[PDB]
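Visitor: This is work-v2.tsv (TSV, N, CA and C atoms).
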chain	number	residue	atom	x	y	z
W	1	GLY	N	-33.49	3.89	-7.97
W	1	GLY	CA	-33.36	5.23	-7.33
W	1	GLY	C	-32.04	5.90	-7.65
W	2	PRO	N	-31.58	6.83	-6.79
W	2	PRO	CA	-30.32	7.54	-7.00
W	2	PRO	C	-29.15	6.60	-7.26
W	3	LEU	N	-28.32	6.94	-8.23
W	3	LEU	CA	-27.16	6.12	-8.58
W	3	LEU	C	-26.00	6.99	-9.05
W	4	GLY	N	-24.83	6.76	-8.46
W	4	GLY	CA	-23.65	7.53	-8.83
W	4	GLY	C	-23.50	8.79	-8.01
W	5	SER	N	-22.26	9.26	-7.87
W	5	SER	CA	-21.98	10.46	-7.10
W	5	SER	C	-20.51	10.87	-7.24
W	6	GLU	N	-19.64	10.15	-6.55
W	6	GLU	CA	-18.21	10.43	-6.60
W	6	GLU	C	-17.39	9.18	-6.28
W	7	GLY	N	-16.38	8.91	-7.11
W	7	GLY	CA	-15.55	7.75	-6.90
W	7	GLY	C	-16.33	6.45	-7.00
W	8	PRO	N	-16.05	5.61	-8.01
W	8	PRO	CA	-16.75	4.33	-8.19
W	8	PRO	C	-16.37	3.31	-7.13
W	9	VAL	N	-15.08	2.98	-7.06
W	9	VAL	CA	-14.59	2.02	-6.09
W	9	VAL	C	-14.86	2.52	-4.67
W	10	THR	N	-15.41	1.64	-3.84
W	10	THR	CA	-15.74	1.99	-2.47
W	10	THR	C	-14.50	1.97	-1.57
W	11	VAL	N	-13.88	3.13	-1.40
W	11	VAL	CA	-12.71	3.24	-0.54
W	11	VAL	C	-13.12	3.12	0.92
W	12	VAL	N	-13.17	1.89	1.41
W	12	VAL	CA	-13.58	1.64	2.78
W	12	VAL	C	-12.40	1.66	3.73
W	13	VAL	N	-12.42	2.59	4.67
W	13	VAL	CA	-11.35	2.70	5.65
W	13	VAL	C	-11.41	1.54	6.63
W	14	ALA	N	-10.31	1.31	7.34
W	14	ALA	CA	-10.25	0.23	8.32
W	14	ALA	C	-11.43	0.30	9.28
W	15	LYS	N	-12.00	1.50	9.41
W	15	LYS	CA	-13.14	1.72	10.30
W	15	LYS	C	-14.38	0.98	9.79
W	16	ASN	N	-14.59	0.99	8.48
W	16	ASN	CA	-15.76	0.33	7.90
W	16	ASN	C	-15.39	-0.89	7.07
W	17	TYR	N	-14.10	-1.10	6.85
W	17	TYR	CA	-13.64	-2.24	6.08
W	17	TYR	C	-14.14	-3.57	6.66
W	18	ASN	N	-14.67	-3.53	7.88
W	18	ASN	CA	-15.19	-4.74	8.50
W	18	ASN	C	-16.69	-4.79	8.27
W	19	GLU	N	-17.19	-3.71	7.69
W	19	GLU	CA	-18.59	-3.54	7.42
W	19	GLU	C	-18.88	-3.54	5.92
W	20	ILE	N	-17.89	-3.14	5.13
W	20	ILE	CA	-18.05	-3.06	3.68
W	20	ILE	C	-17.18	-4.08	2.94
W	21	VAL	N	-15.94	-4.23	3.38
W	21	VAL	CA	-15.01	-5.15	2.75
W	21	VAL	C	-15.12	-6.53	3.37
W	22	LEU	N	-15.70	-6.56	4.55
W	22	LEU	CA	-15.86	-7.80	5.28
W	22	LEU	C	-17.31	-8.26	5.25
W	23	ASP	N	-18.07	-7.73	4.30
W	23	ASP	CA	-19.47	-8.08	4.14
W	23	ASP	C	-19.62	-9.30	3.23
W	24	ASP	N	-20.40	-10.28	3.67
W	24	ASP	CA	-20.61	-11.51	2.91
W	24	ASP	C	-21.70	-11.33	1.85
W	25	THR	N	-22.18	-10.10	1.68
W	25	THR	CA	-23.22	-9.83	0.69
W	25	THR	C	-22.68	-10.00	-0.72
W	26	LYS	N	-21.37	-9.82	-0.87
W	26	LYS	CA	-20.72	-9.96	-2.17
W	26	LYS	C	-19.21	-10.04	-2.03
W	27	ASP	N	-18.53	-10.38	-3.12
W	27	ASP	CA	-17.07	-10.48	-3.11
W	27	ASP	C	-16.46	-9.09	-3.12
W	28	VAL	N	-15.69	-8.78	-2.09
W	28	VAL	CA	-15.07	-7.46	-1.99
W	28	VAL	C	-13.56	-7.53	-2.17
W	29	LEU	N	-13.05	-6.71	-3.09
W	29	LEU	CA	-11.63	-6.64	-3.37
W	29	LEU	C	-11.03	-5.42	-2.69
W	30	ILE	N	-10.34	-5.63	-1.57
W	30	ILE	CA	-9.74	-4.50	-0.86
W	30	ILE	C	-8.27	-4.32	-1.25
W	31	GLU	N	-7.92	-3.11	-1.65
W	31	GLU	CA	-6.55	-2.81	-2.05
W	31	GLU	C	-5.89	-1.81	-1.10
W	32	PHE	N	-5.24	-2.33	-0.06
W	32	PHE	CA	-4.53	-1.48	0.90
W	32	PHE	C	-3.57	-0.58	0.16
W	33	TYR	N	-3.54	0.70	0.53
W	33	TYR	CA	-2.66	1.66	-0.12
W	33	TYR	C	-2.29	2.81	0.80
W	34	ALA	N	-1.70	3.83	0.20
W	34	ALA	CA	-1.28	5.03	0.90
W	34	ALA	C	-1.49	6.25	0.00
W	35	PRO	N	-1.20	7.46	0.49
W	35	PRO	CA	-1.35	8.68	-0.29
W	35	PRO	C	-0.07	9.02	-1.03
W	36	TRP	N	1.01	8.43	-0.55
W	36	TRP	CA	2.33	8.64	-1.13
W	36	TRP	C	2.84	7.39	-1.84
W	37	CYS	N	1.97	6.42	-1.99
W	37	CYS	CA	2.32	5.16	-2.65
W	37	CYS	C	2.17	5.27	-4.16
W	38	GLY	N	3.29	5.50	-4.84
W	38	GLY	CA	3.27	5.61	-6.29
W	38	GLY	C	2.62	4.42	-6.96
W	39	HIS	N	2.62	3.28	-6.26
W	39	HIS	CA	2.02	2.06	-6.79
W	39	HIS	C	0.51	2.20	-6.90
W	40	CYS	N	-0.12	2.61	-5.80
W	40	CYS	CA	-1.57	2.79	-5.77
W	40	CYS	C	-2.01	3.78	-6.84
W	41	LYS	N	-1.22	4.83	-7.02
W	41	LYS	CA	-1.52	5.85	-8.01
W	41	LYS	C	-1.60	5.25	-9.41
W	42	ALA	N	-1.01	4.07	-9.58
W	42	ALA	CA	-1.02	3.37	-10.86
W	42	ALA	C	-2.10	2.30	-10.87
W	43	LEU	N	-2.54	1.93	-9.68
W	43	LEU	CA	-3.57	0.91	-9.50
W	43	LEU	C	-4.97	1.52	-9.49
W	44	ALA	N	-5.03	2.83	-9.33
W	44	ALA	CA	-6.30	3.55	-9.29
W	44	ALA	C	-7.04	3.50	-10.62
W	45	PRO	N	-6.31	3.61	-11.75
W	45	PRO	CA	-6.93	3.58	-13.07
W	45	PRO	C	-7.78	2.33	-13.25
W	46	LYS	N	-7.29	1.25	-12.68
W	46	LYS	CA	-8.00	-0.03	-12.76
W	46	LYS	C	-9.09	-0.08	-11.71
W	47	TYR	N	-8.87	0.64	-10.63
W	47	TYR	CA	-9.83	0.67	-9.54
W	47	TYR	C	-11.02	1.56	-9.88
W	48	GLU	N	-10.78	2.57	-10.71
W	48	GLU	CA	-11.85	3.47	-11.12
W	48	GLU	C	-12.58	2.92	-12.34
W	49	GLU	N	-11.84	2.23	-13.20
W	49	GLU	CA	-12.42	1.65	-14.41
W	49	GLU	C	-13.09	0.32	-14.09
W	50	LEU	N	-12.46	-0.45	-13.21
W	50	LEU	CA	-13.00	-1.74	-12.80
W	50	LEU	C	-14.04	-1.52	-11.74
W	51	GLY	N	-13.68	-0.65	-10.81
W	51	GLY	CA	-14.58	-0.33	-9.73
W	51	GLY	C	-15.86	0.28	-10.22
W	52	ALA	N	-15.72	1.17	-11.17
W	52	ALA	CA	-16.86	1.83	-11.76
W	52	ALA	C	-17.70	0.82	-12.51
W	53	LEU	N	-17.04	0.03	-13.34
W	53	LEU	CA	-17.74	-1.00	-14.10
W	53	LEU	C	-18.33	-2.02	-13.15
W	54	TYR	N	-17.62	-2.31	-12.06
W	54	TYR	CA	-18.11	-3.26	-11.08
W	54	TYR	C	-19.26	-2.66	-10.28
W	55	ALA	N	-19.26	-1.34	-10.15
W	55	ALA	CA	-20.30	-0.64	-9.41
W	55	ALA	C	-21.28	0.10	-10.33
W	56	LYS	N	-21.24	-0.20	-11.63
W	56	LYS	CA	-22.13	0.47	-12.58
W	56	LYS	C	-22.39	-0.35	-13.84
W	57	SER	N	-22.01	-1.63	-13.86
W	57	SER	CA	-22.23	-2.47	-15.03
W	57	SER	C	-23.31	-3.53	-14.77
W	58	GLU	N	-22.89	-4.78	-14.54
W	58	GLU	CA	-23.83	-5.86	-14.27
W	58	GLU	C	-23.45	-6.60	-13.00
W	59	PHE	N	-22.79	-5.89	-12.09
W	59	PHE	CA	-22.37	-6.47	-10.82
W	59	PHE	C	-22.28	-5.40	-9.74
W	60	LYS	N	-22.99	-4.30	-9.96
W	60	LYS	CA	-23.00	-3.19	-9.01
W	60	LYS	C	-23.58	-3.63	-7.68
W	61	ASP	N	-24.41	-4.67	-7.73
W	61	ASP	CA	-25.01	-5.23	-6.53
W	61	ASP	C	-24.36	-6.57	-6.20
W	62	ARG	N	-23.20	-6.80	-6.81
W	62	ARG	CA	-22.45	-8.02	-6.63
W	62	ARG	C	-21.02	-7.70	-6.18
W	63	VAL	N	-20.04	-8.46	-6.67
W	63	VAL	CA	-18.64	-8.22	-6.32
W	63	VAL	C	-18.30	-6.74	-6.47
W	64	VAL	N	-17.86	-6.13	-5.38
W	64	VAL	CA	-17.51	-4.72	-5.38
W	64	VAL	C	-16.02	-4.50	-5.15
W	65	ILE	N	-15.48	-3.47	-5.79
W	65	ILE	CA	-14.08	-3.13	-5.65
W	65	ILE	C	-13.89	-2.17	-4.48
W	66	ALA	N	-13.28	-2.66	-3.41
W	66	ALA	CA	-13.07	-1.85	-2.21
W	66	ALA	C	-11.61	-1.46	-2.01
W	67	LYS	N	-11.39	-0.47	-1.15
W	67	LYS	CA	-10.04	0.00	-0.86
W	67	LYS	C	-9.95	0.49	0.57
W	68	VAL	N	-8.73	0.79	1.01
W	68	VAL	CA	-8.50	1.27	2.36
W	68	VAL	C	-7.10	1.84	2.53
W	69	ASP	N	-6.98	2.88	3.34
W	69	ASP	CA	-5.69	3.51	3.60
W	69	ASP	C	-4.96	2.77	4.72
W	70	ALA	N	-4.02	1.92	4.33
W	70	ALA	CA	-3.25	1.13	5.30
W	70	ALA	C	-2.35	2.01	6.16
W	71	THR	N	-2.19	3.26	5.76
W	71	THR	CA	-1.35	4.20	6.50
W	71	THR	C	-2.17	5.29	7.18
W	72	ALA	N	-3.44	5.38	6.80
W	72	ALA	CA	-4.34	6.37	7.38
W	72	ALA	C	-5.37	5.71	8.28
W	73	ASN	N	-5.50	4.40	8.15
W	73	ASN	CA	-6.45	3.64	8.94
W	73	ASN	C	-5.79	2.42	9.58
W	74	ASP	N	-5.92	2.30	10.89
W	74	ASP	CA	-5.33	1.18	11.61
W	74	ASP	C	-6.14	-0.10	11.38
W	75	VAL	N	-5.65	-0.94	10.48
W	75	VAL	CA	-6.32	-2.19	10.16
W	75	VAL	C	-6.01	-3.27	11.19
W	76	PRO	N	-6.95	-4.20	11.43
W	76	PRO	CA	-6.76	-5.28	12.40
W	76	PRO	C	-5.79	-6.35	11.91
W	77	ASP	N	-5.53	-6.37	10.61
W	77	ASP	CA	-4.63	-7.35	10.02
W	77	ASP	C	-3.25	-6.73	9.75
W	78	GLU	N	-2.21	-7.53	9.94
W	78	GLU	CA	-0.84	-7.07	9.71
W	78	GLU	C	-0.51	-7.10	8.22
W	79	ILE	N	0.41	-6.23	7.81
W	79	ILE	CA	0.81	-6.16	6.41
W	79	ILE	C	2.33	-6.10	6.26
W	80	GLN	N	2.92	-7.20	5.81
W	80	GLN	CA	4.36	-7.28	5.62
W	80	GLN	C	4.75	-6.71	4.25
W	81	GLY	N	3.77	-6.61	3.36
W	81	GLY	CA	4.01	-6.08	2.03
W	81	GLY	C	3.07	-4.94	1.71
W	82	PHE	N	3.63	-3.76	1.55
W	82	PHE	CA	2.85	-2.57	1.25
W	82	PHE	C	3.02	-2.14	-0.20
W	83	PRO	N	1.90	-1.96	-0.94
W	83	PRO	CA	0.55	-2.15	-0.43
W	83	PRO	C	0.12	-3.61	-0.44
W	84	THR	N	-1.18	-3.84	-0.32
W	84	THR	CA	-1.71	-5.20	-0.32
W	84	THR	C	-3.10	-5.26	-0.96
W	85	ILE	N	-3.47	-6.42	-1.46
W	85	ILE	CA	-4.77	-6.60	-2.08
W	85	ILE	C	-5.45	-7.87	-1.57
W	86	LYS	N	-6.31	-7.68	-0.58
W	86	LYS	CA	-7.04	-8.79	0.02
W	86	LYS	C	-8.44	-8.90	-0.56
W	87	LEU	N	-8.80	-10.11	-0.98
W	87	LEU	CA	-10.11	-10.36	-1.56
W	87	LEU	C	-11.01	-11.10	-0.58
W	88	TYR	N	-12.02	-10.40	-0.06
W	88	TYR	CA	-12.95	-11.02	0.88
W	88	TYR	C	-14.19	-11.53	0.14
W	89	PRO	N	-14.18	-12.81	-0.25
W	89	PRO	CA	-15.30	-13.43	-0.96
W	89	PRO	C	-16.58	-13.38	-0.16
W	90	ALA	N	-17.68	-13.69	-0.81
W	90	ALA	CA	-18.96	-13.72	-0.13
W	90	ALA	C	-19.17	-15.11	0.45
W	91	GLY	N	-18.19	-15.53	1.24
W	91	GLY	CA	-18.23	-16.83	1.86
W	91	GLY	C	-16.95	-17.14	2.60
W	92	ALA	N	-15.86	-16.51	2.17
W	92	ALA	CA	-14.56	-16.71	2.81
W	92	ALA	C	-13.97	-15.39	3.29
W	93	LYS	N	-14.76	-14.66	4.08
W	93	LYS	CA	-14.34	-13.37	4.63
W	93	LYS	C	-13.32	-13.56	5.76
W	94	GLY	N	-12.99	-14.81	6.07
W	94	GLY	CA	-12.05	-15.09	7.14
W	94	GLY	C	-10.67	-15.42	6.62
W	95	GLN	N	-10.59	-15.84	5.36
W	95	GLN	CA	-9.31	-16.16	4.75
W	95	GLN	C	-9.23	-15.59	3.34
W	96	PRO	N	-9.49	-14.28	3.21
W	96	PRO	CA	-9.44	-13.57	1.93
W	96	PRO	C	-8.22	-13.92	1.10
W	97	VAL	N	-8.07	-13.26	-0.04
W	97	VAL	CA	-6.93	-13.49	-0.89
W	97	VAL	C	-5.98	-12.32	-0.81
W	98	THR	N	-5.15	-12.32	0.23
W	98	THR	CA	-4.18	-11.25	0.42
W	98	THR	C	-3.23	-11.22	-0.76
W	99	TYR	N	-2.96	-10.03	-1.27
W	99	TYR	CA	-2.10	-9.89	-2.43
W	99	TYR	C	-1.18	-8.68	-2.32
W	100	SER	N	-0.35	-8.49	-3.33
W	100	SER	CA	0.58	-7.37	-3.36
W	100	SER	C	0.02	-6.23	-4.21
W	101	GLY	N	-0.73	-6.60	-5.25
W	101	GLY	CA	-1.33	-5.61	-6.12
W	101	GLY	C	-0.45	-5.27	-7.31
W	102	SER	N	-1.01	-5.42	-8.51
W	102	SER	CA	-0.29	-5.13	-9.74
W	102	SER	C	-0.99	-4.02	-10.51
W	103	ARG	N	-0.45	-3.68	-11.68
W	103	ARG	CA	-1.04	-2.64	-12.51
W	103	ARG	C	-1.75	-3.24	-13.71
W	104	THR	N	-2.65	-4.19	-13.45
W	104	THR	CA	-3.39	-4.84	-14.53
W	104	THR	C	-4.82	-5.16	-14.10
W	105	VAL	N	-5.78	-4.76	-14.93
W	105	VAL	CA	-7.19	-5.00	-14.66
W	105	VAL	C	-7.60	-6.42	-15.02
W	106	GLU	N	-6.93	-6.99	-16.01
W	106	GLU	CA	-7.23	-8.35	-16.46
W	106	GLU	C	-6.98	-9.35	-15.35
W	107	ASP	N	-5.96	-9.08	-14.55
W	107	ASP	CA	-5.61	-9.95	-13.44
W	107	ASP	C	-6.62	-9.77	-12.33
W	108	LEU	N	-7.23	-8.59	-12.29
W	108	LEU	CA	-8.24	-8.29	-11.28
W	108	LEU	C	-9.50	-9.08	-11.53
W	109	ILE	N	-9.96	-9.06	-12.77
W	109	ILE	CA	-11.15	-9.81	-13.13
W	109	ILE	C	-10.94	-11.27	-12.76
W	110	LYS	N	-9.84	-11.84	-13.23
W	110	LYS	CA	-9.50	-13.22	-12.92
W	110	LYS	C	-9.25	-13.37	-11.43
W	111	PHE	N	-8.97	-12.24	-10.78
W	111	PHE	CA	-8.72	-12.23	-9.36
W	111	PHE	C	-9.96	-12.65	-8.59
W	112	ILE	N	-10.90	-11.72	-8.46
W	112	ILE	CA	-12.14	-12.01	-7.77
W	112	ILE	C	-12.93	-13.07	-8.53
W	113	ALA	N	-12.43	-13.45	-9.70
W	113	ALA	CA	-13.10	-14.47	-10.51
W	113	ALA	C	-12.54	-15.86	-10.24
W	114	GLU	N	-11.34	-15.90	-9.69
W	114	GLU	CA	-10.69	-17.16	-9.34
W	114	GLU	C	-10.52	-17.22	-7.84
W	115	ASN	N	-10.45	-16.03	-7.26
W	115	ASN	CA	-10.31	-15.84	-5.85
W	115	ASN	C	-11.68	-15.66	-5.23
W	116	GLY	N	-12.58	-15.07	-6.01
W	116	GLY	CA	-13.92	-14.85	-5.55
W	116	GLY	C	-14.77	-16.09	-5.64
W	117	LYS	N	-15.87	-16.11	-4.90
W	117	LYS	CA	-16.79	-17.24	-4.93
W	117	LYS	C	-17.82	-16.99	-6.00
W	118	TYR	N	-18.15	-15.71	-6.15
W	118	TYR	CA	-19.10	-15.29	-7.15
W	118	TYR	C	-18.53	-15.50	-8.54
W	119	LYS	N	-17.20	-15.58	-8.63
W	119	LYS	CA	-16.52	-15.80	-9.89
W	119	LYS	C	-16.83	-14.69	-10.89
W	120	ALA	N	-16.82	-13.45	-10.41
W	120	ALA	CA	-17.10	-12.31	-11.27
W	120	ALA	C	-16.04	-12.18	-12.36
W	121	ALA	N	-16.37	-12.67	-13.55
W	121	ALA	CA	-15.46	-12.61	-14.68
W	121	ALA	C	-16.22	-12.60	-16.01
Can the structure in the file be given as structure tokens, please?

Guide:
Amino acid sequence: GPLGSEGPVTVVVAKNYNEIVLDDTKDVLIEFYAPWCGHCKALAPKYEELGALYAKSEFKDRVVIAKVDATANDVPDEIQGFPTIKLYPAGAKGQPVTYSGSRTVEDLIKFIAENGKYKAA
């Protein structure tokens, strides 16, 4: 049926991050960010290219690239390092892979691929 619309990576706010990023249906990579975070602005290229490929290649119904505004949405988890990249596997949604977030897609693949249960790589 219908496929595609706007923004590949599922930017799930803290409001739904427990419904989309915390879903055991697949491995979800949540990248906490902000609107003024120059870092996220550099991480988006990978989030749109990876997210798009993850949501439009051979895993669109599998490991999904998620995001959330750590400054626009009150998350239930604390963050000592802004931004952050938590990976909620499809089995370990209770002890995700909290991260700092870098500017590399290769590390992302190996991320949910070594951090993920689905091993999307």

Visitor: Show me a table, sorted first by chain and then by increasing residue number, of the residues of stretch 69-96 of chain W having an atom at most 7 Å from stretch 18-34 of chain W, each with its shortest atom pair and the distance in Å to one decimal, counting all atoms listed in the file and written as CSV.

Guide:
residue,atom,partner,partner_atom,distance
W:69,CA,W:33,C,4.5
W:70,N,W:33,N,4.0
W:71,N,W:33,C,5.0
W:72,N,W:34,CA,6.3
W:82,C,W:32,C,6.8
W:83,CA,W:32,C,4.4
W:84,C,W:32,N,3.7
W:85,CA,W:31,CA,4.2
W:86,C,W:30,N,3.9
W:87,CA,W:29,CA,4.4
W:88,C,W:28,N,3.8
W:89,CA,W:27,CA,4.1
W:90,N,W:27,CA,4.0
W:91,N,W:24,CA,5.0
W:92,N,W:24,CA,6.9
W:93,CA,W:22,CA,5.8

Visitor: Mind dumping the selected residues with N, CA and C atoms as a PDB file, in the frame of the given file?

Guide:
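Result file part_1.pdb:
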ATOM      1  N   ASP W  69      -6.980   2.880   3.340  1.00  0.00           N
ATOM      2  CA  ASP W  69      -5.690   3.510   3.600  1.00  0.00           C
ATOM      3  C   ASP W  69      -4.960   2.770   4.720  1.00  0.00           C
ATOM      4  N   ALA W  70      -4.020   1.920   4.330  1.00  0.00           N
ATOM      5  CA  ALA W  70      -3.250   1.130   5.300  1.00  0.00           C
ATOM      6  C   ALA W  70      -2.350   2.010   6.160  1.00  0.00           C
ATOM      7  N   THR W  71      -2.190   3.260   5.760  1.00  0.00           N
ATOM      8  CA  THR W  71      -1.350   4.200   6.500  1.00  0.00           C
ATOM      9  C   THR W  71      -2.170   5.290   7.180  1.00  0.00           C
ATOM     10  N   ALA W  72      -3.440   5.380   6.800  1.00  0.00           N
ATOM     11  CA  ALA W  72      -4.340   6.370   7.380  1.00  0.00           C
ATOM     12  C   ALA W  72      -5.370   5.710   8.280  1.00  0.00           C
ATOM     13  N   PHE W  82       3.630  -3.760   1.550  1.00  0.00           N
ATOM     14  CA  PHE W  82       2.850  -2.570   1.250  1.00  0.00           C
ATOM     15  C   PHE W  82       3.020  -2.140  -0.200  1.00  0.00           C
ATOM     16  N   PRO W  83       1.900  -1.960  -0.940  1.00  0.00           N
ATOM     17  CA  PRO W  83       0.550  -2.150  -0.430  1.00  0.00           C
ATOM     18  C   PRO W  83       0.120  -3.610  -0.440  1.00  0.00           C
ATOM     19  N   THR W  84      -1.180  -3.840  -0.320  1.00  0.00           N
ATOM     20  CA  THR W  84      -1.710  -5.200  -0.320  1.00  0.00           C
ATOM     21  C   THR W  84      -3.100  -5.260  -0.960  1.00  0.00           C
ATOM     22  N   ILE W  85      -3.470  -6.420  -1.460  1.00  0.00           N
ATOM     23  CA  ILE W  85      -4.770  -6.600  -2.080  1.00  0.00           C
ATOM     24  C   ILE W  85      -5.450  -7.870  -1.570  1.00  0.00           C
ATOM     25  N   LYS W  86      -6.310  -7.680  -0.580  1.00  0.00           N
ATOM     26  CA  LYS W  86      -7.040  -8.790   0.020  1.00  0.00           C
ATOM     27  C   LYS W  86      -8.440  -8.900  -0.560  1.00  0.00           C
ATOM     28  N   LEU W  87      -8.800 -10.110  -0.980  1.00  0.00           N
ATOM     29  CA  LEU W  87     -10.110 -10.360  -1.560  1.00  0.00           C
ATOM     30  C   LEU W  87     -11.010 -11.100  -0.580  1.00  0.00           C
ATOM     31  N   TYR W  88     -12.020 -10.400  -0.060  1.00  0.00           N
ATOM     32  CA  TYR W  88     -12.950 -11.020   0.880  1.00  0.00           C
ATOM     33  C   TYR W  88     -14.190 -11.530   0.140  1.00  0.00           C
ATOM     34  N   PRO W  89     -14.180 -12.810  -0.250  1.00  0.00           N
ATOM     35  CA  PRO W  89     -15.300 -13.430  -0.960  1.00  0.00           C
ATOM     36  C   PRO W  89     -16.580 -13.380  -0.160  1.00  0.00           C
ATOM     37  N   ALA W  90     -17.680 -13.690  -0.810  1.00  0.00           N
ATOM     38  CA  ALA W  90     -18.960 -13.720  -0.130  1.00  0.00           C
ATOM     39  C   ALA W  90     -19.170 -15.110   0.450  1.00  0.00           C
ATOM     40  N   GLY W  91     -18.190 -15.530   1.240  1.00  0.00           N
ATOM     41  CA  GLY W  91     -18.230 -16.830   1.860  1.00  0.00           C
ATOM     42  C   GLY W  91     -16.950 -17.140   2.600  1.00  0.00           C
ATOM     43  N   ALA W  92     -15.860 -16.510   2.170  1.00  0.00           N
ATOM     44  CA  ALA W  92     -14.560 -16.710   2.810  1.00  0.00           C
ATOM     45  C   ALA W  92     -13.970 -15.390   3.290  1.00  0.00           C
ATOM     46  N   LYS W  93     -14.760 -14.660   4.080  1.00  0.00           N
ATOM     47  CA  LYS W  93     -14.340 -13.370   4.630  1.00  0.00           C
ATOM     48  C   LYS W  93     -13.320 -13.560   5.760  1.00  0.00           C
TER      49      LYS W  93
END

Visitor: How many Å lie between atom CA of residue W:8 and atom C of residue W:54, rounded to one decimal?

Guide: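 Taking atom CA of residue W:8 as the start and atom C of residue W:54 as the end point, the length is 7.7 Å.
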
Visitor: Out of chain W, which residues get alpha helix (DSSP H) from DSSP, as a list in words?

Guide: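 Assigned to alpha helix (DSSP H), within chain W: residues 40, 41, 42, 43, 44, 45, 46, 47, 48, 49, 50, 51, 52, 53, 54, 105, 106, 107, 108, 109, 110, 111, 112, 113 and 114 of chain W.
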
Visitor: If you run DSSP over the backbone, which residues in chain W end up strand (DSSP E or B)? Put them as a VMD selection string.

Guide: chain W and resid 10 to 11 28 to 33 64 to 69 84 to 88

Visitor: Can you measure atom CA of residue W:68 to atom CA of residue W:6 for me? One decimal in Å is fine.

Guide: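 That distance, rounded to one decimal, is 16.1 Å.
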
Visitor: One decimal, in Å: what's the spacing between atom C of residue W:55 and atom CA of residue W:118?

Guide: 15.9 Å

Visitor: Using all atoms listed in the file, which of W:1, W:9, W:94, W:35 sits nearest residue W:67?

Guide: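 For residue W:67, the nearest of the candidates is W:9.
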
Visitor: In the coordinates of the file, take the point (-5.6, -6.1, 13.5) and a cut-off of 12 Å; then, counting only C-alpha atoms, name each qualifying protein, DNA or RNA residue as a VMD selection string.

Guide: chain W and resid 14 to 15 17 to 18 70 73 to 79

Visitor: Can you tell me, as a PyMOL selection string, which residues sit within 7 Å of (-5.7, -14.1, -5.7) in the file's frame, using all atoms listed in the file?

Guide: chain W and resi 87+97-99+110-112+114-116

Visitor: Using only N, CA and C atoms, please write the residues we just selected to a file, as a PDB file, in the coordinates of the input.

Guide:
ATOM      1  N   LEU W  87      -8.800 -10.110  -0.980  1.00  0.00           N
ATOM      2  CA  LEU W  87     -10.110 -10.360  -1.560  1.00  0.00           C
ATOM      3  C   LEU W  87     -11.010 -11.100  -0.580  1.00  0.00           C
ATOM      4  N   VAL W  97      -8.070 -13.260  -0.040  1.00  0.00           N
ATOM      5  CA  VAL W  97      -6.930 -13.490  -0.890  1.00  0.00           C
ATOM      6  C   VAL W  97      -5.980 -12.320  -0.810  1.00  0.00           C
ATOM      7  N   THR W  98      -5.150 -12.320   0.230  1.00  0.00           N
ATOM      8  CA  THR W  98      -4.180 -11.250   0.420  1.00  0.00           C
ATOM      9  C   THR W  98      -3.230 -11.220  -0.760  1.00  0.00           C
ATOM     10  N   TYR W  99      -2.960 -10.030  -1.270  1.00  0.00           N
ATOM     11  CA  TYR W  99      -2.100  -9.890  -2.430  1.00  0.00           C
ATOM     12  C   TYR W  99      -1.180  -8.680  -2.320  1.00  0.00           C
ATOM     13  N   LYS W 110      -9.840 -11.840 -13.230  1.00  0.00           N
ATOM     14  CA  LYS W 110      -9.500 -13.220 -12.920  1.00  0.00           C
ATOM     15  C   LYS W 110      -9.250 -13.370 -11.430  1.00  0.00           C
ATOM     16  N   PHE W 111      -8.970 -12.240 -10.780  1.00  0.00           N
ATOM     17  CA  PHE W 111      -8.720 -12.230  -9.360  1.00  0.00           C
ATOM     18  C   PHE W 111      -9.960 -12.650  -8.590  1.00  0.00           C
ATOM     19  N   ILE W 112     -10.900 -11.720  -8.460  1.00  0.00           N
ATOM     20  CA  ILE W 112     -12.140 -12.010  -7.770  1.00  0.00           C
ATOM     21  C   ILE W 112     -12.930 -13.070  -8.530  1.00  0.00           C
ATOM     22  N   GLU W 114     -11.340 -15.900  -9.690  1.00  0.00           N
ATOM     23  CA  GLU W 114     -10.690 -17.160  -9.340  1.00  0.00           C
ATOM     24  C   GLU W 114     -10.520 -17.220  -7.840  1.00  0.00           C
ATOM     25  N   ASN W 115     -10.450 -16.030  -7.260  1.00  0.00           N
ATOM     26  CA  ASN W 115     -10.310 -15.840  -5.850  1.00  0.00           C
ATOM     27  C   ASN W 115     -11.680 -15.660  -5.230  1.00  0.00           C
ATOM     28  N   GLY W 116     -12.580 -15.070  -6.010  1.00  0.00           N
ATOM     29  CA  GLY W 116     -13.920 -14.850  -5.550  1.00  0.00           C
ATOM     30  C   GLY W 116     -14.770 -16.090  -5.640  1.00  0.00           C
TER      31      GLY W 116
END

Visitor: Please, can stretch 64-68 of chain W be completed to N, CA, C and O atoms and returned as a short mmCIF file (atom, residue, chain, number, x, y, z; two decimals), keeping the file's coordinate frame?

Guide:
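Result file follows (result-v2.cif):
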data_model
loop_
_atom_site.label_atom_id
_atom_site.label_comp_id
_atom_site.auth_asym_id
_atom_site.auth_seq_id
_atom_site.Cartn_x
_atom_site.Cartn_y
_atom_site.Cartn_z
N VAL W 64 -17.86 -6.13 -5.38
CA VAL W 64 -17.51 -4.72 -5.38
C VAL W 64 -16.02 -4.50 -5.15
O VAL W 64 -15.38 -5.24 -4.41
N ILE W 65 -15.48 -3.47 -5.79
CA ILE W 65 -14.08 -3.13 -5.65
C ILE W 65 -13.89 -2.17 -4.48
O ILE W 65 -14.32 -1.02 -4.53
N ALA W 66 -13.28 -2.66 -3.41
CA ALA W 66 -13.07 -1.85 -2.21
C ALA W 66 -11.61 -1.46 -2.01
O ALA W 66 -10.70 -2.03 -2.62
N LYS W 67 -11.39 -0.47 -1.15
CA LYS W 67 -10.04 0.00 -0.86
C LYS W 67 -9.95 0.49 0.57
O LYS W 67 -10.95 0.61 1.27
N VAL W 68 -8.73 0.79 1.01
CA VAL W 68 -8.50 1.27 2.36
C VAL W 68 -7.10 1.84 2.53
O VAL W 68 -6.14 1.34 1.93
#
